[PDB]
Amino acid sequence: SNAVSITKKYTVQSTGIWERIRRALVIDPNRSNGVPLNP
Amino acid sequence: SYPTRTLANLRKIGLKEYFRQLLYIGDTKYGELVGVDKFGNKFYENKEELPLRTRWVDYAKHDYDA
Amino acid sequence: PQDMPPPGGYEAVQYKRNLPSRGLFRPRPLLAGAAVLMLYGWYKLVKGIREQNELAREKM
Amino acid sequence: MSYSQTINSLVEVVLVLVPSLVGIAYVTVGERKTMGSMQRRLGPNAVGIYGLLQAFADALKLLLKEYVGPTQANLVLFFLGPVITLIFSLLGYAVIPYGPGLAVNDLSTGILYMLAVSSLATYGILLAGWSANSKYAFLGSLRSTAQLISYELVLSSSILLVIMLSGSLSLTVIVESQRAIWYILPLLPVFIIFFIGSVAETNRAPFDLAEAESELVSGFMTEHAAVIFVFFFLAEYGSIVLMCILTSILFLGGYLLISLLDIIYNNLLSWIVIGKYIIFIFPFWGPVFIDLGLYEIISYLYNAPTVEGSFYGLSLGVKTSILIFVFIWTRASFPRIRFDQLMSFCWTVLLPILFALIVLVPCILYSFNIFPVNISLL
Amino acid sequence: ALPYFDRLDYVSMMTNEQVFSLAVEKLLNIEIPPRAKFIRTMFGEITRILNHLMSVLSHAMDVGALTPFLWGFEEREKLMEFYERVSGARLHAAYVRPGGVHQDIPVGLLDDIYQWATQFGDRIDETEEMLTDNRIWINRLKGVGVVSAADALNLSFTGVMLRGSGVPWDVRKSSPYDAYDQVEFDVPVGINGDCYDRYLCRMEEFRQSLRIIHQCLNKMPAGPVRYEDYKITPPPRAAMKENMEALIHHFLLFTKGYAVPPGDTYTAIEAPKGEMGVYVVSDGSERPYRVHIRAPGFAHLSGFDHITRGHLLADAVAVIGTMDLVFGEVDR
Amino acid sequence: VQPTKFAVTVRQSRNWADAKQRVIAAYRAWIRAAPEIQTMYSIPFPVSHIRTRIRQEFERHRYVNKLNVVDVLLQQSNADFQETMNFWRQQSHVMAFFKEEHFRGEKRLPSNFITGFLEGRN
Amino acid sequence: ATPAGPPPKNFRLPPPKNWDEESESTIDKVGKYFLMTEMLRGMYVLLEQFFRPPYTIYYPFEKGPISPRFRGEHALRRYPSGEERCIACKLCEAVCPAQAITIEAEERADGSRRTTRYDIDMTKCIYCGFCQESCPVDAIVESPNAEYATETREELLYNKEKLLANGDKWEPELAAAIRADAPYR
Amino acid sequence: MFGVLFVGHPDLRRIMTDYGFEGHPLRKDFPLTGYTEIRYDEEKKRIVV
Amino acid sequence: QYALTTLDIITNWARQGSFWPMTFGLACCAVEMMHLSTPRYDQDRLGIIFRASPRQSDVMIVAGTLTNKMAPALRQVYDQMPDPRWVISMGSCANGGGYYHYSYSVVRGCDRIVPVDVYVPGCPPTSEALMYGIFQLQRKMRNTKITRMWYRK
Ligand SMILES: *P(=O)(O)OCC(C)(C)[C@H](O)C(=O)NCCC(=O)NCCSC(=O)CCCCCCCCCCCCC
Ligand SMILES: CCCCCCCCCCCCO[C@@H]1O[C@H](CO)[C@@H](O[C@H]2O[C@H](CO)[C@@H](O)[C@H](O)[C@H]2O)[C@H](O)[C@H]1O
Ligand SMILES: CCCCCCCCCCCCO[C@@H]1O[C@H](CO)[C@@H](O[C@H]2O[C@H](CO)[C@@H](O)[C@H](O)[C@H]2O)[C@H](O)[C@H]1O
Ligand code: SF4
Ligand code: SF4
Ligand code: SF4
């Protein structure tokens with residue numbers, strides 16, 4: 001599709017059990033949440 | 001905030017300090033003391049918060065002002 | 001130096017319409033679901049009002 | 001009876017009105033907090049420790065505000081008008097049952113009572129809009145009245161379909177009849193129409209464009225009248241909460257909790273008189289529940305009049321709150337509909353479907369011998 | 001007089017000052033350096049995104065959708081941090097000036113715009129989740145405010161008001177300026193000339209402006225960001241404090257100003273609200289003899305009667321928002 | 001009056017017979033309208049004071065013998081008439097045409113030499 | 001409406017499709033009408049936001065980001081010695097876009113060229129920063145201070161006694177912002 | 001803004017200036033700050049010129 | 001004395017907790033007042049709700065350049081605000097005319113038309129700056145003696 005993977009999107013990521021939960025109950029798993037990265 | 005975050009910070013700052021923050025800032029927040037102003041204000045930092053929230057101030061006066 | 005791009009250039013960003021169809025909102029799975037819910041409910045109602053009518057025979 | 005009726009009358013009326021009023025105050029705080037999480041911000045979080053005092057300061061501020069509305073040529077109307085709009089808002093709560101028969105008035109015609117108090121709502125939107133002086137805005141109060149009467153037919157005609165299934169207009173009987181099944185399951189499309197009709201009836205967004213356009217044509221000479229009055233705000237929030245409780249009474253369980261005590265009976269088969277309470281299940285073992293300490297105490301508390309009543313009202317409360325969420329979620333999800341388009345929705349889509357279902361439902365109840373008895377059972 | 005242009009269309013600041021700089025630069029007969037050309041085309045598209053976030057989301061806030069407005073104003077809140085890093089203003093930068101830009105961009109900004117870039121499409125997609133296929137949204141913009149292609153031209157319509165009726169025309173493609181001839185982008189052109197077409201054309205420009213900003217990041221050349229001539233642009237502070245000629249040129253530029261040769265020019269750019277142009281008469285002196293601003297919204301509001309005729313008032317509020325209208329632009 | 005209630009398409013007087021016809025029709029409309037101007041703008045003056053003051057504003061240009069000058073003076077009147085008969089002018093603009101509602105009043109130039117000398121040029 | 005020369009390849013639209021030529025099954029078409037599926041998707045996107053972190057800042061305890069180039073309230077600075085940097089050139093008075101600066105100078109008792117008046121109308125100023133770009137001695141700057149709402153606008157007529165007091169107050173932060181941005185100036 | 005008069009125009013009225021405004025501001029003889037200013041008069045209860 | 005003071009503190013607590021501003025977004029400063037309603041700075045968290053009507057409002061925020069044509073409608077809207085009334089002047093244009101101070105069409109300060117209680121500087125003030133001005137006004141109300149002034153006379 002037109003999407004690129006979330007892992008290259010420079011936003012805070014969900015981790016672990018919450019990542020699996022997010023990648024299940026969400027329209028587009030590749031969508032970011034717009035929260036920037038502190039470091 | 002969210003329960004995981006607010007629970008952990010109670011385990012750090014204690015219930016007397018938890019109520020102090022609810023009266024002023026309105027958030028439960030924990031961080032390292034960075035220094036004190038001449039006016040008595042105290043500054044805290046935490047790289048692990050949401051962006052633009054890594055630095056905050058605990059004012060010395062009750063009728064605080066920026 | 002100046003503010004310049006990285007040597008190889010920045011990577012491409014996502015800019016086209018993504019908007020991916022999900023099964024949760026397609027009409028066929030929802031039509032089938034709503035139908036099975038109303039059929040299960042209509043079986044449960046047809047059993048209950050029969051029992052209610054029989055409880056009324058005992059009351060009378 | 002053990003004590004005097006007037007005392008009993010007073011305690012039940014205070015026990016319904018003071019929780020209902022405190023709840024109507026927290027729906028206003030809740031609608032600003034919920035819309036902020038969906039809009040990635042915060043709701044009120046400063047007036048009070050968690051913003052839990054926001055409703056209080058808003059209400060006391062308005063009470064202390066000057067009111068400059070016309071007192072000329074109409075003194076009673078300016079003052080005694082909106083007061084009974086608030087009475088017509090709270091008068092519907094007197095037929096809500098918080099458990100079997102646990103209502104202020106247990107009324108056999110309870111449904112026709114809440115259809116009467118609802119037709120009085122049209123006066124509190126008609127008359128208030130009569131105060132404002134601006135030609136286009138006055139016609140916007142008539143258009144809001146036209147929306148209410150049209151979406152009242154939606155509600156009354158779809159309440160009719162529940163009465164066919166229950167056989168009664170008593171809210172207690174209507175809930176007790178759902179012990180077999182919640183009416184959302186067999187009357188799915190009737191429930192959706194009722195909820196959509198219930199948003200349009202409350203004048204809530206996305207059906208509020210008629211009353212919305214008043215603020216855009218006010219001009220440079222005149223202004224509104226709902227200004228310092230908390231009445232038409234408590235009348236509004238209390239009608240939303242009341243449309244959520246009635247929606248739960250009719251289609252969700254009402255106060256019916258799906259009881260797990262039935263499930264444990266089916267699964268458990270190794271009853272032991274020694275208090276072991278062994279279970280014939282694959283994750284089961286020999287429990288060490290204390291007969292002297294826990295089982296004797298737990299059994300008594302389950303049958304307490306306070307505990308069982310508590311769960312019946314926590315059930316109705318949890319269900320009303322879920323619907324209060326769906327009203328707030330609806331306002332935050334959609335744009336507004338034009339008045340002609342909402343009118344087309346009611347008159348050329350919804351009502352045709354409802355009158356089609358008015359034919360079909362009693363036809364099926366006759367075909368499966370399922371007409372209920374209309375005598376006092378249940 | 002350059003700060004006056006920030007305050008014309010106050011949601012699209014660096015493109016207002018771009019058309020004034022391009023007009024003065026044309027009478028100056030100067031060529032501005034490549035780096036400022038790319039800086040200006042990058043911040044002209046950051047500006048176009050900023051304006052469309054105001055215009056599209058305020059339009060839907062009038063129509064009654066209130067949530068996309070708040071989501072994209074965080075996107076607006078992030079993109080004004082880049083204004084305040086190059087200049088020190090969240091709104092009125094005064095950054096674009098005749099001869100290039102006032103100051104070089106700071107040394108970590110092109111990385112921070114790229115980090116914003118990686119996620120901005122997801123913001124358009126979720127804003128698009130709420131409006132594009134929504135039937136209430138569709139039934140409030142279809143057939144509303146319909147202008148024919150012949151009438152849009154005869155009515156002085158530019159931009160998406162011109163482009164939504166099926167006329168393929170963008171000043172960037174037809175009279176290229178700055179680094180626009182160096183970037184690949186597409187032009188959304190509608191069919192039915194209505195508000196729904198103009199909403200769909202504006203959303204497509206979100207994705208096209210993002211596609212330009214990424215290209216500008218990869219072609220950012222090095223060199224002066226300011227025309228290399230101290231009779232026109234101010235010398236560096238370090239030169240003014242060390243070299244005689246530089247302090248003289250510094251002193252005269254801040255008191256008298258530079259002289260512009262005589263003549264007049266009409267210069268237009270593809271502003272976010274339509275075509276924005278300025279007519280500048282020069283008298284060969286250091287002050288403009290006459291400045292006239294052509295504002296796209298002024299011509300759009302003039303055709304409001306011809307377009308809203310026979311419509312409902314709830315229809316007219318939709319027509320007001322589809323015409324990108326900031327009244328400081330209309331009244332100059 | 002196609003676009004607005006009192007709009008008149010800009011016309012150029014053909015000759016003095018035409019130009020005087022238009023002036024008289026302009027004056028007639030204004031002094032007709034004076035009761036309507038005095039209620040809307042709540043002018044605390046008699047309709048007679050309004051009409052006599054309308055007359056002064058025509059009496060200023062009674063000696064214009066240029067036809068190109070009359071048309072601009074007629075267009076100015078028509079436009080003033082349109083913005084007054086539509087409630088577009090504020091009471092502040094209208095009752096500021098009367099030059100006695102200044103806190104110095106109508107007497108704002110010095111009367112003669114000596115009184116303006118003792119007051120420093122008024 | 002199209003450019004001169006040959007019309008664009010397939011500029012003209014295809015002929016419209018009749019209702020029965022459309023490619024959408026009645027089942028899909030009727031289901032999307034009655035179930036309101038596209039509206040359901042949008043309501044689901046708001047649930048996704050509900051469970052995402054908010055953007056909000058608790059002010060005044062947490063502040064938003066400001067660059068070294070920020071343009072706040074004016075200040076008059078000194079040298080390390082303690083002498084005022086200002087020598088009354090009046091360049092900042094000439095370049096003011098809004099004529100907000102009024103300067104009167106003369107010879108000081110010791111013979112030095114120094115201002116006697118230095119007024120800035122904070123209600124005329126547009127905070128452009130031009131005054132500080134034109135300085136040859138870094139004498140006038142704009143501090144990062146944006147929090148100084150006052151009660152009366154007489155408090156917004158800064159005279160030379162207030163602008164020097166501001167520089168004394170804000171000097172560490174002024175020197176720091178100058179240190180960051182000087183290479184670019 | 002200039003006083004130029006356009007023969008044939010329907011509804012040639014002012015577009016920018018205030019309602020009783022006298023003068024043409026883009027004329028070069030017109031002064032930058034104009035000839036009049038407004039304020040609120042407490043004694044007259046309105047805005048005066 | 002305590003009793004009348006308590007009546008003041010409660011009254012001032014509610015004038016502070018519910019802070020509903022009527023607004024005249026004349027120009028750009030209104031954009032910055034819109035960024036006070038967005039997620040980064042939300043007004044709702046402090047109780048601020050902008051109301052359209054003057055009858056429902058507490059404070060007027062003049063944000064933008066006031067022109068001679070706009071001034072009659074400014075005074076009309078302020079004249080319709082029920083008491084108690086506060087006005088905030090936001091930005092250089094409303095405060096003293098600003099960039100357009102030497103023009104024939106601009107009122108040089110909105111306080112030639114209405115009374116003002118706080119002046120917020122900047123063109124435009126940052127959103128924090130307008131927040132700072134609201135806190136100054138909220139502090140002015142906390143120091144408002146209502147029933148303690150009636151007691152001295
Ligand atoms: P008789 O034949 O003696 O005189 C007829 C005229 C006057 C036509 C002369 O014969 C004549 O030729 N004079 C020269 C032509 C002339 O009068 N030119 C000017 C005509 S237009 C004009 O005078 C407009 C005046 C102002 C219009 C507005 C007046 C009212 C405004 C304020 C009203 C009160 C506040 C709202
Ligand atoms: C306690 C009994 C009742 C007494 C009166 C209580 C106060 C009643 C009014 C407040 C209740 C909520 O009322 C609602 O508030 C929100 C702000 O949170 C307003 O919302 C407004 O600001 C938000 C801010 O993000 C915008 O998204 C929205 O577009 C705008 O309209 C609504 O316009 C108003 O209808
Ligand atoms: C079908 C069975 C129905 C059973 C339940 C019936 C409940 C009837 C309660 C009526 C109480 C008054 O009804 C309610 O009045 C208020 C005030 O006039 C209205 O509220 C009105 O004013 C408020 C502001 O104060 C606005 O935000 C709102 O948009 C407007 O419509 C509601 O639109 C109306 O729903
Ligand atoms: S502050 Fe600088 S520019 Fe202004 S008068 Fe002093 S030396 Fe000159
Ligand atoms: S920032 Fe203010 S004082 Fe300085 S030059 Fe600009 S307008 Fe004048
Ligand atoms: S003060 Fe500045 S930002 Fe505000 S309206 Fe005036 S010019 Fe615009």
Side-chain angles (χ1 to χ4, degrees), chain D residues 21 24-29 31-32 35-36 39 41 43-44 54-56 58-59 61-62 82 85-86 88-92 111 114-115 117-118 120-125 127-128 144 148 152 155-156 159 194 197-198 201-205 208 211-212 226 229-240 242-243 245-246 332, chain E residues 61 66-67 69-70, chain F residues 16 19-20 22-24 26-27 30 33-34 37 41 43 50 53-65 69-70 73-74 76-78 80-81 84 89 93-95 97-98, chain H residues 20, chain I residues 18 20 37-39 42-44 48-51:
Chain D
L21 282 188
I24 301 165
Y26 280 103
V27 177
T28 78
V29 178
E31 189 221 36
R32 301 165 58 171
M35 228 160 274
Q39 287 160 356
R41 48 169 188 94
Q54 183 59 262
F56 279 51
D58 291 343
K61 191 208 57 181
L62 285 182
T85 303
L86 174 60
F88 288 162
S89 180
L90 306 181
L91 262 186
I111 288 307
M114 272 168 325
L115 277 183
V117 299
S118 182
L120 297 164
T122 58
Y123 286 100
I125 280 306
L127 292 185
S144 49
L148 255 66
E152 183 61 20
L155 294 192
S156 60
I159 275 176
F194 192 82
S198 80
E201 185 66 25
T202 44
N203 228 26
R204 278 267 297 194
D208 67 319
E211 66 95 45
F229 302 122
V230 290
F231 282 71
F232 285 131
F233 269 129
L234 198 63
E236 181 204 2
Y237 277 88
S239 75
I240 293 172
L242 190 54
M243 278 289 189
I245 313 174
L246 180 58
Chain E
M61 191 179 52
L66 318 165
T67 313
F69 180 92
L70 286 201
Chain F
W16 283 99
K20 178 181 176 178
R22 307 176 75 180
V23 172
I24 298 288
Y27 182 72
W30 269 110
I37 311 296
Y41 294 95
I43 297 169
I50 298 159
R53 180 66 179 86
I54 286 180
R55 184 177 176 87
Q56 282 183 350
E57 280 131 357
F58 273 82
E59 193 52 46
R60 293 177 64 88
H61 324 111
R62 202 107 181 263
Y63 312 102
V64 175
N65 66 310
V69 173
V70 173
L73 274 168
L74 268 175
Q76 293 179 356
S77 82
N78 291 228
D80 281 332
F81 194 78
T84 318
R89 291 180 149 178
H93 309 138
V94 155
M95 184 277 287
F97 236 113
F98 295 85
Chain I
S18 199
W20 293 0
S37 306
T38 67
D42 59 335
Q43 293 177 356
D44 182 41
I48 295 90
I49 307 182
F50 273 92
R51 309 288 292 189

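Scope of the values below: all heavy atoms of this structure, side chains included, with no hydrogens, waters or symmetry mates. Atoms within each ligand, like the ligands themselves, are counted from 1 in listed order. A note on names: the letters A, B, ... follow the listed sequences, proteins ahead of strands, and every chain is numbered from 1.
Proximity to D/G124 (heavy-atom distance under 4.0 Å) selects the following atoms of ligand 3: 18 (O). Heavy-atom contacts of D/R41 reach the following atoms of ligand 2: 24 (C), 25 (O) (cutoff under 4.0 Å). Here is the list of ligand 2 atoms found below 4.0 Å of a heavy atom in E/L70: 25 (O). Of all atoms in ligand 1, listed by their number and element, those nearer than 4.0 Å to a heavy atom of F/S77 are 24 (C), 27 (C). The ligand atoms of ligand 3 that sit less than 4.0 angstrom from a heavy atom of D/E152 are 1 (C). Within ligand 1, counting atoms from 1 as listed, the ones closer than 4.0 Å to a heavy atom of F/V64 are 14 (C). Which parts of ligand 3 touch D/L246 is read off a 4.0 Å heavy-atom cut-off, strictly below it: atoms 2 (C), 4 (C). Those atoms of ligand 3 with a heavy atom of D/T202 less than 4.0 angstrom away are 32 (C), 33 (O), 35 (O). Near D/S118, meaning under 4.0 Å from one of its heavy atoms, ligand 3 places the atoms 3 (C), 6 (C). In the vicinity of I/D44, heavy-atom distances shorter than 4.0 Å reach the ligand 2 atoms 18 (O). Numbered from 1 in the order shown, with element, the atoms of ligand 3 that lie under 4.0 Å from a heavy atom of D/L115 read 1 (C). Each of the atoms 24 (C), 25 (O) of ligand 3 lies under 4.0 Å from some heavy atom of D/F233.
For I/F50, the closest heavy-atom approach to ligand 2 does not fall below 4.0 Å. Using 4.0 Å as the threshold, F/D80 has no heavy atom nearer than that to any atom of ligand 1. Between I/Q43 and ligand 2 there is no heavy-atom distance shorter than 4.0 Å. Ligand 3 has D/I125 within reach: a non-hydrogen atom of the residue lies less than 4.0 Å from it.
Under the 4.0 Å distance rule, the nearest protein heavy atom to atom 30 (C) of ligand 2 falls outside the cut-off. Protein heavy atoms are found less than 4.0 angstrom from atom 25 (O) of ligand 2. Distance check on atom 21 (C) of ligand 2: every protein heavy atom falls at or beyond the 4.0 Å cut-off. In this structure, atom 18 (O) of ligand 2 has a protein heavy-atom contact shorter than 4.0 Å.
Contact annotation: for D/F56 versus ligand 2, there are no heavy atoms closer than 4.0 Å. When heavy-atom distances to ligand 1 are checked against a 4.0 Å cut-off, F/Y41 has no atom that comes that close, whether in backbone or side chain. With a heavy-atom cut-off of 4.0 Å, D/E31 touches ligand 2 through its side chain alone.
For atom 10 (C) of ligand 2, the closest heavy atom belonging to the protein is I/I49 CD1, 3.8 Å. Of all protein heavy atoms, the one lying nearest to atom 27 (O) of ligand 2 is D/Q39 OE1, 3.9 Å. Atom 6 (C) of ligand 2 has its closest protein heavy atom at D/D58 CB, 3.6 Å. Nearest non-hydrogen protein atom to atom 32 (C) of ligand 2 is D/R331 NH2, 3.8 Å. In this structure, the protein non-hydrogen atom closest to atom 20 (C) of ligand 1 is F/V23 CG2, 3.6 Å. Given atom 32 (C) of ligand 1, the protein heavy atom at minimum distance is F/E57 OE1, 3.4 Å. If you check which protein heavy atom lies closest to atom 1 (C) of ligand 2, you get D/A55 O, 3.9 Å. Looking only at protein heavy atoms, the nearest one to atom 28 (C) of ligand 2 is E/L66 CD1, 4.4 Å.
Looking at F/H61 next to ligand 1, an N or O pair under 3.5 Å apart turns up. At under 3.5 Å, a nitrogen or oxygen of F/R62, whether backbone or side chain, sits near a nitrogen or oxygen of ligand 1. Between D/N203 and ligand 3, at least one N/O pair is under 3.5 Å apart. Considering backbone and side-chain N/O of F/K20, one or more are found under 3.5 Å from N/O of ligand 1. An N or O contact shorter than 3.5 Å is missing between D/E201 and ligand 3 by distance.
Residue F/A26 comes nearest to F/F58 through the heavy atom pair C-CZ, 3.9 Å, listed as atom of the first residue, atom of the second, then distance. Listed here is the closest heavy atom pair of I/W20 and D/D58: NE1-OD1, 4.4 Å.
Taking the six-membered ring where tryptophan is involved, the planes of F/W30 and F/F81 are perpendicular, since the angle between them exceeds 60° and thus also 30°.
Within the set D/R204, D/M114, D/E211, the minimum heavy-atom distance to atom 2 (C) of ligand 3 is found for D/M114.
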